[PDB]
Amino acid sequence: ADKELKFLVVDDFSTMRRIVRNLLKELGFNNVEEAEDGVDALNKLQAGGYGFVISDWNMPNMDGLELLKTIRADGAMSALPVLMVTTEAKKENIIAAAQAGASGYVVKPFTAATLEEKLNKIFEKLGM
């Protein structure tokens, strides 16, 4: 995929954001911003330029399922790739996110290999 693709990495905790940012760097993606919750995310996203979202689930202000739903419901960004990255591992949570239009779903904790496989699975699916 184009190494200029702009990423938004959303999570209410630094540690996770820093892990993902660094991993993206390792893969050749340096165009990366962070947000701390769904509201913060939608703000940056509305400032334009984003090609990919990676999002936590449990966050104050707006959780990741609500964020995903909002993104899918906005006509300007309804096809933005959204990859969930969360501790929520119950099948009902996976179903709910999938049905809400998640592009992919990784369960924390994850390996570097897992994140790369899943990002690539999404690239291939969307012909990126």
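The first residue of the sequence shown is number 1, and the count goes up from there.
- In this entry, 46 to 54 shows the higher mean Cα temperature factor of the pair 46 to 54 and 98 to 106.
- As listed in the deposited structure, the average C-alpha B-factor of 74 to 82 and of 61 to 69 is greater for 74 to 82.
- Among the modelled residues of the chain, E88 sits in the lowest third by CA temperature factor in this PDB entry.
- In this PDB entry, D11 carries a Cα temperature factor that places it within the lowest third of its chain's modelled residues.
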